[PDB]
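You are given structure tokens for the same protein chain in two forms, set apart as structure 1 and structure 2.
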Structure 1
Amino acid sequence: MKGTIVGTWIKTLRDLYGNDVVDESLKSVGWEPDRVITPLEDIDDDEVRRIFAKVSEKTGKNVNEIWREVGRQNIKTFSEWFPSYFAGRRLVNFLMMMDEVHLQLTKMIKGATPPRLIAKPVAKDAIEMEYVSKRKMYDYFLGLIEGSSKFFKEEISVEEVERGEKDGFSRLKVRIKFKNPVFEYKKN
């Protein structure tokens, strides 16, 4: 997992559960105190899993609930650390550019496996976004979407269209419907 992104999760976990829980969890995996992660750094997915397992143990909360809460709260963290991706954008534009952003931020990582997040308009007021990744981080995915709605102050309804798993890849397709129209038909 891209290091700086794990960095956002650490900050978000501190916001949710406190420095004691987080410090203890990072200590359990040998994380240097006040460790600063650099842009080219990659952090083992298993290390991330172990950090979250410790937070779960200490807070008594199920790991899936933690990922859901982290997703909901991490958008704020992203808006502070990566402000350029939010400036002058509407929620629909933000969501539609995510697939490209994830490809961009993982390009120079050995064995890059970013999640695919292809979104496609399906109506004047809705898009279908399909999460595809071997990591099966459904709760985090859904949480970020909810947090994005809150950050952009644009109400949406989210319905699952379908989910599945094949050859190690998990997929979750959701239909995101906006209160007001966001698209209009134009000649192709």
Structure 2
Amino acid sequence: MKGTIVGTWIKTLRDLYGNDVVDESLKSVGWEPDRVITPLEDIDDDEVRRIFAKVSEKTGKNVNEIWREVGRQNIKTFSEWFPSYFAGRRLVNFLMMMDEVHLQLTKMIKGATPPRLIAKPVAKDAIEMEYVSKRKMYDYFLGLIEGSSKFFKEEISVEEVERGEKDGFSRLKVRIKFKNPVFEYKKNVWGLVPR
């Protein structure tokens, strides 16, 4: 995985989740020393896998929930570190850029393997999002979405539409329903218009 994002995981992981004791043992004493790189440096793997397991072991939490919770708070952590993307959007626009954004992030960033996050309006109060990846981080994906609902303060329901595997990738499609509709029909204009 890439250096930066792994930054947040540890940040968000200690920021509010268990203490510096629970994870600073898996972290600066799981097997490794205290601190990733940051700039755009690379990192390892599968060690995130086992620190997360030892956090699940360490707290009383299934590891999938650890992941989800990270995703929730990791949206503020994201908001804190370098938040050009937040300024000026409602929830929807923000989700819909996320694909373009994950690509850009990887454009000139060799080796990067970010997910695909294709969204599509399906109703005055609903979009559909599809996560596609060789990793199956379904829980982190769900959390981010809820973490977003919280930061932008717009209530939602999320529901799984389907899931599958195609050409070696894992997919998960969800339907995100908004409390207050985010699209509208405009008079002589076809289709759901971003109200």
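Whichever C-alpha set is largest while still superposing within 1.5 Å between the two forms counts as the rigid core. Throughout, residue numbering runs from 1 along the sequence of structure 1.
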Of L40, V158, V122, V161, only one moves its C-alpha by 2 angstroms or more between the two structures once the rigid core is aligned, so tell me which. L40
Note yes or no: does the Cα of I145 move by 2 Å or more between the two structures after the core is superposed? no
Core-aligned C-alpha movement of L91 between the two structures, 2 Å or more: no
Core-aligned, does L13 move its Cα 2 Å or more between the two structures? no
After superposition on the rigid core, what is the displacement of the C-alpha atom of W67 between the two structures, in Å? 0.7
Aligning on the rigid core, what is the distance the CA of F183 moves between the two structures, in angstrom? 1.0
Using a rigid core fit, what is the CA shift at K27 between the two structures, in angstrom? 5.2
